[PDB]
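Student: no FASTA, just this:
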Ligand code: HEM
Ligand SMILES: CC(C)=CCC[C@@H](C)[C@H]1CC[C@@]2(C)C3=C(CC[C@]12C)[C@@]1(C)CC[C@H](O)C(C)(C)[C@@H]1CC3
């Protein structure tokens, strides 16, 4: 009755194992995890308390390639195979996707104790924005930072920003090599070149003020670019490894935050605190409820985070608006008639209040945000085992949850002919977003308690965007001026480009070129330039 001999042979086998030729050893160093991963999945598939897990061949990598390149196609296939809740492996992580409005509710309205945005995002955002702010702090601190920033984002602020943003757009038409409207009546433009510039110029001028806008006319502008390079998904996978673009990122965060602090300290020194810009607002309103004041460094870092939050979302959105309208001269025409009607043939200066009487313009923004949600996936890290109603699924701590309102934006069930750009689907519904009932306040103002709307370009729950009205103001002014000034169309044989999903936002695949032409070739934009 001897197993003893077999145990001897276990030991022997280990010894012969260690003595394998490097050919066999490398071979087995690959072959063991490969096999184990596979039997682990087959085993995993037997659990009834886990959502189905998308099958994958390469350990750790998982479905990263297909998810990374075509997330909506990936989701549609998974949704056909498994239904609305399913998991997939992504560079060492397990992501549980919950598609549709029930998913919106499951993730956006998740208990503070159940999930963490900062645990999913901080390793990426902290090196770019700086310490102490956004995701480098407890959620309660984030809630109050959002309150502080919202305090510079009032209707009175927007009334004052509208002419500043209009001035910037006109200067860009006058001065940018991309246009030069006083010298050229037609031209070709890459919207992924122009829109990020127009976006940072307009947002700098209004939120940060004249000094910081002036800085963007210099080599200082390059820092923003560098800062931008730290804000990509390789950093999402490697938050730090020793590469130059990381160092340029850190340097840029320091130099830019340094410039912000210099202005702030100069203002406090000269008692030159007004109500002009978000800087003046944070200088007056940045004490948390426990009485601790944000430091000047944290104020600057928060300024960087806020501007970054508006930068890629807004730039991508105006790129897509231009791109969709480039093949819809009927829509340009309709928007132009609205401009002439609301602004008395141009004899009225554009104001914030008049932007609110441009429903077609606002529906154009809304519809572009439907077809092109800038963020295809939003994440949380699961901190406590979560039960999914009405199921037997448990999402264990250590998993991530992924919600995709932009995928639902593109489903025929919620938006008939979802792949058709139709601003009129929003007729009698021009609002950037509508809370369809009860509200709740997480610390930065009353917002919709339910997050079941199939349309959620600005998310929902405690992490909801606070920049929505700024974005509509900025996009509104910008597009109002584009429409009143220019007609545009595609080069022959060109059409709307497919999205690039690999980037930080779902921007168009470039070069995405449009040809513009002046509606009034003889019109001059005044003011001095060199
Ligand atoms: C078209 C324009 C925009 C879109 C579609 C958009 C979208 C979003 C979304 C979906 C979220 C939720 C993120 C999550 O739940 O994980 C969010 C959060 C946020 N965004 Fe926006 N955004 C836009 C513009 C802006 C602008 C213009 C600003 C600043 C002026 C801004 C600043 C913020 C801030 C501070 C948050 C809060 C993040 C948090 O609480 O974790 N965004 N945005
Ligand atoms: C491989 C790919 C494209 C994965 C998609 C993940 C990113 C593209 C998205 C998901 C989370 C995301 C929406 C986020 C942001 C940008 C785009 C992200 C990283 C940022 C960091 C933008 C800056 C903003 O201030 C804020 C901090 C609110 C968000 C946070 C989440």
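Tutor: Looks like it came in fine. Numbers count the residues shown, from 1 in each chain. Ligands and ions are numbered 1, 2, ... in the order given.
Student: Going by C-alpha atoms from here, please, whenever you check contacts or count neighbours.
Tutor: OK.
Student: Not counting its neighbours along the chain, what's nearest residue 514?
Tutor: In space, not counting the residues next to it along the chain, residue 514 is nearest to residue 490; the distance is 4.9 Å by C-alpha to C-alpha, 6 or more residues apart in numbering.
Student: swap in residue 451?
Tutor: Nearest to residue 451 is residue 105, by C-alpha to C-alpha, 6+ apart, at 5.3 Å.
Student: do you know how far the one you found is from residue 403?
Tutor: For residue 105, the distance to residue 403 (C-alpha to C-alpha, to the nearest Å) stands at 9 Å.
Student: These two: which is more packed in?
Tutor: More crowded of residue 105 and residue 403, by other C-alpha atoms under 10 Å: residue 403, with 27 against 19.
Student: what's the burial count for the residue nearest to residue 514?
Tutor: Residue 490, neighbours per other C-alpha under 10 Å, totals 19.
Student: With residue 248 instead?
Tutor: 18.
Student: what's the answer for residue 13, then?
Tutor: 12.
Student: How about the one 5 residues further on?
Tutor: Counted with other C-alpha under 10 Å, residues neighbouring residue 18 total 10.
Student: count of neighbours near residue 203?
Tutor: Neighbour tally, residue 203, other C-alpha under 10 Å: 25.
Student: And residue 372, by the same measure?
Tutor: 25.
Student: Kindly report the same for residue 243.
Tutor: Quick note: residue 243 (other C-alpha under 10 Å) scores 8 neighbours.
Student: if I look at it, how far off is residue 340?
Tutor: The gap separating residue 243 from residue 340 is 53 Å, by C-alpha to C-alpha.
Student: Excluding chain neighbours, what is closest to the closest residue to ligand 1 within the stretch 101-250 of the chain?
Tutor: Nearest to ligand 1, among the residues of the stretch 101-250 of the chain, is residue 146, at 5.9 Å (C-alpha to the nearest ligand atom). Nearest residue to residue 146, sequence neighbours excluded (C-alpha to C-alpha, 6+ apart): residue 444, at 5.7 Å.
Student: The one you found and residue 476: what is the separation?
Tutor: Distance from residue 444 to residue 476, by C-alpha to C-alpha: 24 Å.
Student: Between these two, which is the more surrounded one?
Tutor: Between residue 444 and residue 476, counted using other C-alpha under 10 Å, the more crowded position is residue 476 (24 against 20).
Student: Against residue 117, how distant is residue 521?
Tutor: Counting by C-alpha to C-alpha, the gap from residue 521 to residue 117 is 50 Å.
Student: same deal with residue 364?
Tutor: 31 Å.
Student: likewise residue 11?
Tutor: Counting by C-alpha to C-alpha, the gap from residue 11 to residue 117 is 48 Å.
Student: Kindly tell me how buried residue 45 is, as a neighbour count.
Tutor: Here the count is done by other C-alpha under 10 Å, and residue 45 has 16 residues near it.
Student: which bits of this protein sit near ligand 1?
Tutor: 146, 306-307, 309-310, 313-314, 317, 373-374, 378-379, 457-459, 463-468, 470-471 (C-alpha under 6 Å from any ligand atom).
Student: circling back: residues in contact with the residue nearest to residue 514?
Tutor: Neighbour list for residue 490: 326-327, 513-515 [criterion: C-alpha atoms under 8 Å, 6 or more residues apart in numbering].
Student: ok, now with 6 Å
Tutor: Residues near residue 490 by C-alpha atoms under 6 Å, 6 or more residues apart in numbering: 326, 514-515.
Student: near ligand 2 too, which of the residues of the chain next to ligand 1?
Tutor: Among the residues of the chain next to ligand 1, ligand 2 is touched by 306, 309, 378 when using C-alpha under 6 Å from any ligand atom.
Student: Of those, which belong to helices?
Tutor: Members of these lying in helices (criterion: DSSP state H): 306, 309.
Student: Count residues in the vicinity of the nearest residue to residue 396 once chain neighbours are set aside, would you?
Tutor: Using C-alpha to C-alpha, 6+ apart and skipping residues adjacent in sequence, the residue nearest residue 396 is residue 385, 4.0 Å away. Neighbour count of residue 385, defined by other C-alpha under 10 Å: 14.
Student: next one: residue 408
Tutor: Other residues near residue 408 come to 24 when the count uses other C-alpha under 10 Å.
Student: mind checking which helix or strand it is in?
Tutor: helix 405-409 (DSSP states H and E).
Student: tell me the phi and psi of residue 415?
Tutor: Main-chain dihedrals, residue 415, degrees, to the nearest 10: phi -140, psi 100.
Student: Give me the neighbour count for it.
Tutor: 16.
Student: And for it, nearest residue in space, chain neighbours not counted?
Tutor: With C-alpha to C-alpha, 6+ apart as the criterion, residue 415 has its nearest non-adjacent residue at 6.9 Å, and that residue is residue 409.
Student: any idea how far the one you found is from ligand 2?
Tutor: Remark: distance between residue 409 and ligand 2 (C-alpha to the nearest ligand atom, to the nearest Å) = 16 Å.
Student: hang on, isn't that residue packed against residue 370?
Tutor: Yes. Residue 409 is within contact range of residue 370, at 5.4 Å (criterion: C-alpha atoms under 6 Å).
Student: neighbours around the nearest residue to residue 221 once chain neighbours are set aside, how many?
Tutor: Once flanking residues are discounted, residue 221 sits nearest to residue 215: 6.9 Å by C-alpha to C-alpha, 6+ apart. The number of residues packed near residue 215 is 13, by other C-alpha under 10 Å.
Student: just residue 77 next, same as before
Tutor: The number of residues packed near residue 77 is 12, by other C-alpha under 10 Å.
Student: quick one: what helix or strand has it in it?
Tutor: Residue-wise, residue 77 maps onto helix 71-82 under DSSP H and E.
Student: list the buried ones in that helix?
Tutor: Buried residues in helix 71-82, counted by 16 or more other C-alpha atoms under 10 Å: 71-72, 75-76, 78-79.
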